[PDB]
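Note: hydrogens, waters and symmetry copies are ignored here, and every other heavy atom, side chains too, is used. The chain is numbered in sequence order, starting from 1. When a ligand or atom number is given, it counts from 1 through the structure's own listing order.
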Amino acid sequence: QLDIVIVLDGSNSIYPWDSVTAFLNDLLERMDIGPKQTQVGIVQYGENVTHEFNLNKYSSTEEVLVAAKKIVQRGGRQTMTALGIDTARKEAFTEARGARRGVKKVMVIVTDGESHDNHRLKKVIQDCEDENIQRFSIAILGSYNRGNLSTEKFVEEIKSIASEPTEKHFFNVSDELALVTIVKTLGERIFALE
Ligand SMILES: [Ca+2]
Ligand SMILES: [Cl-]
């Protein structure tokens with residue numbers, strides 16, 4: 001029994017967006033979704049934050065898959081990852097939006113750049129840790145590599161978001177088309193680690 005919130009960077013450097021919705025489809029279709037099973041909410045951030053749907057909006061896997069396919073890329077000049085994570089913690093994981101007392105809490109964060117608000121990450125991550133939110137973080141290195149930008153500081157930032165052990169919770173994904181390849185391992189760990 002898990003409440004899972006997926007936190008999606010919507011910035012326009014991620015391309016094609018079909019790669020992200022394919023990742024969502026493949027990950028979510030392997031779950032048993034319902035008010036007494038797994039619940040999924042999805043938040044998208046860029047420059048601001050939007051709840052695509054709350055944890056208790058949908059009570060079946062079929063419904064979640066239909067909604068996930070329709071999620072549009074929202075774009076954004078800036079990448080406010082700390083705001084996205086903090087909003088997932090303070091808003092998505094609330095009883096008002098369907099969060100359940102006593103279930104396992106998992107956040108999955110998908111991003112392709114360093115965050116403009118990275119000075120907030122230390123506090124935001126510690127607040128998630130205090131609230132028992134297990135964090136899987138996914139760095140997509142595609143746009144950085146395509147722009148010949150160094151990725152080492154980026155990888156370090158996204159690793160810092162992942163729960164320990166870091167190597168089980170952090171995924172380095174070379175490019176958008178490779179995102180779907182992590183689904184089997186990610187799903188296994190979501191339901192195996194605490
Ligand atoms: Ca970006
Ligand atoms: Cl209510």
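By the 4.0 Å N-to-carboxylate-O rule, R30 lies too far from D26 to be salt-bridged with it. With salt bridges taken as basic N to acidic carboxylate O contacts below 4.0 Å, none links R189 and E194. Comment: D3 engages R100 in a salt bridge, judged by a side-chain N to carboxylate O separation of less than 4.0 angstrom.
Remark: side-chain polar atoms of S163 are paired, donor with acceptor, to backbone N or O of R135 under 3.5 angstrom.
Around the Ca ion (ligand 1), the protein N, O or S atoms found under 3.0 Å comprise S11 OG, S13 OG, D112 OD1.
Side-chain N/O atoms of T87 and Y45 include no donor and acceptor closer than 3.5 Å.
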Next on the checklist: Test side-chain hydrogen bond (donor to acceptor under 3.5 Å, both in side chains) on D32 and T38; report intermediate values, then the result.
Outcome noted: CA-CA 6 Å; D32 290 304; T38 298; over 6 Å; no
